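Heads up: numbering here begins at 1 and tracks the sequence. In each ligand, atom 1 is the first atom listed, and ligand 1 is the first ligand listed.
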Amino acid sequence: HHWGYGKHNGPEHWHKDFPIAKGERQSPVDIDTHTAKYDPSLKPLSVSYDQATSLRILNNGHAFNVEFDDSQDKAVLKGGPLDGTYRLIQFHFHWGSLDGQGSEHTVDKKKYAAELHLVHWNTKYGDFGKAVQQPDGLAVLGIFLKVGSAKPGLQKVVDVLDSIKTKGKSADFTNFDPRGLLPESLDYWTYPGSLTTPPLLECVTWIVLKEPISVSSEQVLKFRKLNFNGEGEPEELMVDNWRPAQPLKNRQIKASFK
Ligand SMILES: COC(=O)c1cc(S(N)(=O)=O)c(Cl)cc1S(=O)(=O)c1ccccc1
Ligand code: NA
Ligand code: NA
Ligand code: NA
Ligand code: NA
Ligand SMILES: [Zn+2]
C-alpha cells in the first residue's frame with residue numbers, strides 16, 4: 001500500500017508515512033503575486049544547459065524522468081537566489097486529467113495544465129543523495145505549462161512516451177536539449193520549500209518562472225496516455241499526479257522582477 005495519487009493513497013495520506021508532510025517548509029504553495037516582494041538584491045538566473053547530456057527516460061510509476069549524466073560539471077544552474085552551483089540531474093512533469101488542473105504551484109490560485117520541474121543538486125555536497133539531506137541541497141526550476149500552440153522542443157519527449165507506457169519501463173534518450181523547454185523570460189519567484197513528492201524532504205530552493213510555456217492539446221493528451229500501473233496490470237491512466245498547495249507558514253516569496 002505505497003504512496004501515490006488516489007483517494008486511498010494520495011497527498012492527504014502521505015503524512016502517515018512521511019510526517020514531514022505537515023512541516024514548516026512544504027511545497028508546493030500558492031504564489032500570491034501581490035504579496036511577493038520584489039527583491040532588488042536577487043540576481044538574474046544563470047541557466048547553462050549547452051553541454052547537457054541526457055541518457056534515458058524512465059516511467060517511475062508517478063511520472064516520467066528524463067535523466068542526465070551529472071558525473072561532470074555540465075548543465076548547471078547558478079545565480080538567481082542561489083549562492084552556489086547546482087547540477088542538473090533530471091526533469092519531470094506534473095499534469096492533470098483536464099487542462100484546468102495539473103500544476104503544483106498556483107499563481108493567485110490559478111492552476112496551470114502542467115508544471116515542469118528541472119531538478120538540480122548543490123555541488124558543495126558531492127552528489128545528490130547527500131544534497132537532499134541539506135536545507136540548501138537542491139534547486140528546482142519550475143516552469144508552468146498552458147495549452148495553446150505546440151512546443152516544438154517538447155515533441156521528442158512526447159514521441160518516446162509510447163515506449164515507456166507502464167511503470168518501470170525505460171528507453172534510451174540521448175541528445176535531448178532542455179533549452180527547448182524554457183520560456184523567453186527568466187523572471188522568477190523564489191522561496192524555500194521541499195520535494196513535492198515523498199519523501200517530502202525540506203531541501204529545496206524553489207525558483208518558479210513567471211512566464212509559462214505553451215504546449216499543444218495533442219502534446220498534453222499524450223502525457224495522459226501514460227500509466228501509473230505496470231505492464232500486465234489493469235490500466236490506471238497517469239493523470240493528476242500533482243500535490244495541492246500547502247500552507248506558506250513562516251515564509252516569504254520573493255520576486256526577481258517589478
Ligand atoms: C520520488 O521523488 C520525486 O519524484 C522527486 C520530486 C521532486 S519535485 N517534484 O519536488 O521536483 C524532486 Cl526535487 C526530486 C525528486 S527525486 O529526485 O526523484 C527523489 C526521490 C527519492 C528521494 C529524494 C528525491
Ligand atoms: Na507584490
Ligand atoms: Na563522468
Ligand atoms: Na547520484
Ligand atoms: Na492550506
Ligand atoms: Zn516535481
* Asked: Do you see a protein non-hydrogen atom under 4.0 Å from atom 5 (C) of ligand 1?
  -> yes
* Asked: Is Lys167 salt-bridged to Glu236, going by a charged N under 4.0 Å from an acidic O?
  -> no
* To do: Could you tell me whether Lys249 and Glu24 make a salt bridge, using a distance below 4.0 angstrom between a side-chain N and a carboxylate O?
  => yes
* **atom 13 (Cl) of ligand 1 [closest protein heavy-atom partner, distance rounded to 0.1 Å]** => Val140 CG2, 3.4 Å
* Asked: Looking at atom 17 (O) of ligand 1, what's its closest protein heavy atom, distance included?
  -> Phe128 CZ, 3.1 Å
* Structure fact -> So for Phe93 against ligand 1, with non-hydrogen atoms under 4.0 Å, the contacting part is neither
* Asked: For ligand 1, is there an N or O atom under 3.5 Å from any N or O atom of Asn65?
  -> no
* Asked: Under 6.0 Å between ring centres, would you say that holds for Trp14 and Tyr5?
  -> yes
* Heavy atom of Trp206, distance to ligand 1 below 4.0 Å -> yes
* Asked: Where on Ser27 is there a heavy atom closer than 4.0 Å to ligand 1, on the side chain, on the backbone, on both, or on neither?
  -> neither
* Does ligand 1 have an atom under 4.0 Å from some heavy atom of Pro198? -> yes
* **For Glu104, the option from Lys111, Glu115, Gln246 that meets side-chain contact (heavy atoms from CB on, under 4.5 Å)** => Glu115
* Asked: Side chain or backbone of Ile89 under 4.0 Å from ligand 1, or both, or neither, by non-hydrogen atoms?
  -> neither
* NZ/NE/NH1/NH2 to OD/OE distance under 4.0 Å, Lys169 and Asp162 -> no
* To do: Could you tell me whether some N/O pair between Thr197 and ligand 1 is separated by less than 3.5 angstrom?
  => yes
* Asked: For ligand 1, which part of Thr196 has a heavy atom less than 4.0 Å away: the side chain, the backbone, both, or neither?
  -> both
* **Closest protein heavy atom to atom 12 (C) of ligand 1, given as residue, atom name and distance to 0.1 Å** => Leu195 CD2, 3.8 Å
* Asked: Between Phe257 and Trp189, is the ring centre distance below 6.0 Å?
  -> yes
* **Worked check of side chain to side chain contact (heavy atoms under 4.5 Å, CB included) between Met238 and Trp95** => CA-CA 9 Å; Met238 181 177 281; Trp95 61 91; 3.6 Å; yes
* Protein contact to atom 21 (C) of ligand 1 [nearest heavy atom, distance to 0.1 Å] -> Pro199 CD, 3.9 Å
* Would you mind finding which of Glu104, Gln90, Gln133 brings a heavy atom closest to atom 16 (S) of ligand 1? => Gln90
* To do: Please lay out, stage by stage, how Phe18 and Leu195 fare under the test side chain to side chain contact (heavy atoms under 4.5 Å, CB included).
  => CA-CA 12 Å; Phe18 302 95; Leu195 312 182; over 6 Å; no
* Are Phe64 and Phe223 near enough that their ring centres are under 6.0 Å apart? -> yes
* To do: Under 4.0 Å from a heavy atom of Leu138: give me the atoms of ligand 1 that qualify, with their elements.
  => 13 (Cl)
* When you check the side-chain N and O atoms of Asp172 and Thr174, is any donor under 3.5 Å from an acceptor? -> no
* Are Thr166 and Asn229 close enough that some pair of their side-chain heavy atoms sits under 4.5 Å apart? -> yes
* To do: Run down the list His117, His92, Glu67 and name the one with the heavy atom closest to atom 7 (C) of ligand 1.
  => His92
* Asked: If you measure from each non-hydrogen atom of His94 to ligand 1, which part falls under 4.0 Å: side chain, backbone, both or neither?
  -> side chain
* Taking the Na ion (ligand 2) as the vertex, how big is the angle to O in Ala36 and O in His34, rounded to 10°? -> 110°
* Structure fact -> The single option from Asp39, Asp187, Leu45 that satisfies side-chain contact (heavy atoms from CB on, under 4.5 Å) with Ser256 is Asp187
* Could you grab the angle centred on the Na ion (ligand 3), going from OG in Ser71 to NE2 in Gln72, to 10°? => 100°
